[PDB]
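The structure appears right after this line, and notes come after that.
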Amino acid sequence: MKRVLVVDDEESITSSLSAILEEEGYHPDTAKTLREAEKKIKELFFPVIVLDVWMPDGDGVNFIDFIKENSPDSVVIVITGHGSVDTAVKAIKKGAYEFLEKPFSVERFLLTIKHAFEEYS
């Protein structure tokens with residue numbers, strides 16, 4: 001009964017994520033943008049949402065609301081390895097679960113995930 005959502009503008013799955021979720025035994029769904037995610041989030045009650053910020057063209061801060069708009073009980077970790085610390089604060093202080101300080105492996109994201117589902121058993 002574990003399912004998480006991954007949003008990123010590069011490759012199908014997020015590097016280091018697949019192997020991870022595969023070790024934990026979750027049901028992760030990866031998107032390709034904010035439009036692709038919104039759709040997947042406009043129907044699928046994704047418990048945990050993880051947005052990336054590779055090199056898209058649809059912003060992200062403004063999206064943090066959409067997630068809480070139709071998913072106030074879900075989670076929003078939002079992790080990436082390309083941007084700036086000023087991006088974290090520009091999302092975590094809007095309804096997220098704090099920027100995961102451990103990109104290119106999302107190993108720490110793994111530990112947080114558990115707690116992320118705590119809000120939805």
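Residue names in the structure tokens use chain letters A, B, ... in the order shown, residue numbers from 1 in each chain, and ligand numbers from 1 in the order shown.
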Problem set entry | Contact residues around residue A:24 with only C-alpha atoms at 12 Å, ignoring same-chain residues under 2 positions, as a PyMOL selection string | chain A and resi 1-4+17-22+26-28+107+109-111+113-114
Problem set entry | All residues 10 Å or closer to stretch 48-61 of chain A, only C-alpha atoms, same chain fewer than 5 positions away omitted, as a PyMOL selection string | chain A and resi 2-10+14+28-35+37+41+66-67+71+73-83+87-92+94+96-97+99-100+109+113-114+116-117+119-120
For this session: Determine the nearest neighbour of residue A:65 from the options A:93, A:47, A:40, A:84, counting only C-alpha atoms.
Result: A:93
Exercise. Got a sec to tell me which of chain A DSSP assigns to strand (DSSP E or B), as a PyMOL selection string?
Worked result: chain A and resi 4-7+29-30+48-51+75-76
Using N, CA, C and O atoms, can you write the selected residues to a file as a PDB file, in the first residue's frame?
ATOM      1  N   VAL A   4       4.177   6.581  -4.495  1.00  0.00           N
ATOM      2  CA  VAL A   4       4.699   7.944  -4.503  1.00  0.00           C
ATOM      3  C   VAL A   4       4.726   8.495  -5.931  1.00  0.00           C
ATOM      4  O   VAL A   4       4.621   7.736  -6.892  1.00  0.00           O
ATOM      5  N   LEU A   5       4.847   9.814  -6.071  1.00  0.00           N
ATOM      6  CA  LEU A   5       4.866  10.431  -7.395  1.00  0.00           C
ATOM      7  C   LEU A   5       6.151  11.218  -7.631  1.00  0.00           C
ATOM      8  O   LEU A   5       6.598  11.974  -6.770  1.00  0.00           O
ATOM      9  N   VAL A   6       6.735  11.035  -8.812  1.00  0.00           N
ATOM     10  CA  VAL A   6       7.967  11.728  -9.176  1.00  0.00           C
ATOM     11  C   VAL A   6       7.762  12.603 -10.408  1.00  0.00           C
ATOM     12  O   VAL A   6       7.277  12.140 -11.439  1.00  0.00           O
ATOM     13  N   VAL A   7       8.146  13.869 -10.300  1.00  0.00           N
ATOM     14  CA  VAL A   7       8.018  14.805 -11.410  1.00  0.00           C
ATOM     15  C   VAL A   7       9.388  15.339 -11.803  1.00  0.00           C
ATOM     16  O   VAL A   7      10.126  15.849 -10.961  1.00  0.00           O
ATOM     17  N   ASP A  29       5.258   6.707  -9.502  1.00  0.00           N
ATOM     18  CA  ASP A  29       4.846   7.125 -10.833  1.00  0.00           C
ATOM     19  C   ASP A  29       5.623   8.372 -11.228  1.00  0.00           C
ATOM     20  O   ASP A  29       5.565   9.390 -10.540  1.00  0.00           O
ATOM     21  N   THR A  30       6.373   8.286 -12.317  1.00  0.00           N
ATOM     22  CA  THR A  30       7.178   9.413 -12.765  1.00  0.00           C
ATOM     23  C   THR A  30       6.518  10.167 -13.912  1.00  0.00           C
ATOM     24  O   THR A  30       5.949   9.566 -14.823  1.00  0.00           O
ATOM     25  N   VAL A  48       2.460  10.789  -1.693  1.00  0.00           N
ATOM     26  CA  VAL A  48       3.695  11.561  -1.655  1.00  0.00           C
ATOM     27  C   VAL A  48       4.069  12.093  -3.033  1.00  0.00           C
ATOM     28  O   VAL A  48       4.143  11.338  -4.001  1.00  0.00           O
ATOM     29  N   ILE A  49       4.298  13.398  -3.113  1.00  0.00           N
ATOM     30  CA  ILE A  49       4.666  14.031  -4.375  1.00  0.00           C
ATOM     31  C   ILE A  49       6.090  14.575  -4.326  1.00  0.00           C
ATOM     32  O   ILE A  49       6.449  15.323  -3.416  1.00  0.00           O
ATOM     33  N   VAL A  50       6.898  14.199  -5.310  1.00  0.00           N
ATOM     34  CA  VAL A  50       8.283  14.655  -5.380  1.00  0.00           C
ATOM     35  C   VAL A  50       8.564  15.335  -6.715  1.00  0.00           C
ATOM     36  O   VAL A  50       8.673  14.677  -7.748  1.00  0.00           O
ATOM     37  N   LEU A  51       8.670  16.657  -6.682  1.00  0.00           N
ATOM     38  CA  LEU A  51       8.927  17.432  -7.890  1.00  0.00           C
ATOM     39  C   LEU A  51      10.415  17.687  -8.091  1.00  0.00           C
ATOM     40  O   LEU A  51      11.163  17.892  -7.136  1.00  0.00           O
ATOM     41  N   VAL A  75       1.993  14.638   0.147  1.00  0.00           N
ATOM     42  CA  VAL A  75       3.286  15.174   0.551  1.00  0.00           C
ATOM     43  C   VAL A  75       3.986  15.865  -0.615  1.00  0.00           C
ATOM     44  O   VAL A  75       3.704  15.588  -1.779  1.00  0.00           O
ATOM     45  N   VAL A  76       4.900  16.765  -0.282  1.00  0.00           N
ATOM     46  CA  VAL A  76       5.651  17.503  -1.291  1.00  0.00           C
ATOM     47  C   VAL A  76       7.091  17.727  -0.849  1.00  0.00           C
ATOM     48  O   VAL A  76       7.407  18.734  -0.218  1.00  0.00           O
TER      49      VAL A  76
END
Exercise. What are the DSSP alpha helix (DSSP H) residues of stretch 7-99 of chain A, as a ChimeraX atom specification?
Worked result: /A:17-24,34-41,63-70,85-92
For the selection you just gave me, I'd like the residues written to a file as a PDB file, in the first residue's frame, keeping C-alpha atoms.
ATOM      1  CA  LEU A  17      14.945   6.399  -7.426  1.00  0.00           C
ATOM      2  CA  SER A  18      13.913   3.251  -9.314  1.00  0.00           C
ATOM      3  CA  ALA A  19      16.422   0.970  -7.576  1.00  0.00           C
ATOM      4  CA  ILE A  20      15.371   2.537  -4.275  1.00  0.00           C
ATOM      5  CA  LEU A  21      11.587   2.219  -4.559  1.00  0.00           C
ATOM      6  CA  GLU A  22      12.311  -1.265  -5.897  1.00  0.00           C
ATOM      7  CA  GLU A  23      14.157  -2.096  -2.678  1.00  0.00           C
ATOM      8  CA  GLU A  24      11.436  -0.670  -0.440  1.00  0.00           C
ATOM      9  CA  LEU A  34       4.067  20.089 -14.315  1.00  0.00           C
ATOM     10  CA  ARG A  35       1.339  19.525 -16.897  1.00  0.00           C
ATOM     11  CA  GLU A  36       1.954  15.779 -16.956  1.00  0.00           C
ATOM     12  CA  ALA A  37       1.944  15.735 -13.155  1.00  0.00           C
ATOM     13  CA  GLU A  38      -1.158  17.884 -12.671  1.00  0.00           C
ATOM     14  CA  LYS A  39      -3.035  15.394 -14.829  1.00  0.00           C
ATOM     15  CA  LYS A  40      -1.690  12.433 -12.865  1.00  0.00           C
ATOM     16  CA  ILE A  41      -2.509  14.392  -9.701  1.00  0.00           C
ATOM     17  CA  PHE A  63       2.764  24.424  -8.757  1.00  0.00           C
ATOM     18  CA  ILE A  64       3.429  23.769  -5.060  1.00  0.00           C
ATOM     19  CA  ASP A  65      -0.074  25.152  -4.536  1.00  0.00           C
ATOM     20  CA  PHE A  66      -1.810  22.887  -7.064  1.00  0.00           C
ATOM     21  CA  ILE A  67      -0.484  19.897  -5.122  1.00  0.00           C
ATOM     22  CA  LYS A  68      -1.943  21.278  -1.893  1.00  0.00           C
ATOM     23  CA  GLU A  69      -5.004  22.497  -3.806  1.00  0.00           C
ATOM     24  CA  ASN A  70      -6.176  19.029  -4.828  1.00  0.00           C
ATOM     25  CA  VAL A  85      19.199  26.814  -2.110  1.00  0.00           C
ATOM     26  CA  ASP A  86      16.885  29.780  -2.691  1.00  0.00           C
ATOM     27  CA  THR A  87      14.611  27.418  -4.634  1.00  0.00           C
ATOM     28  CA  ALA A  88      14.096  25.130  -1.653  1.00  0.00           C
ATOM     29  CA  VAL A  89      12.862  27.906   0.600  1.00  0.00           C
ATOM     30  CA  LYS A  90      10.716  29.011  -2.347  1.00  0.00           C
ATOM     31  CA  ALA A  91       8.625  25.852  -2.058  1.00  0.00           C
ATOM     32  CA  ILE A  92       9.113  24.287   1.372  1.00  0.00           C
TER      33      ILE A  92
END
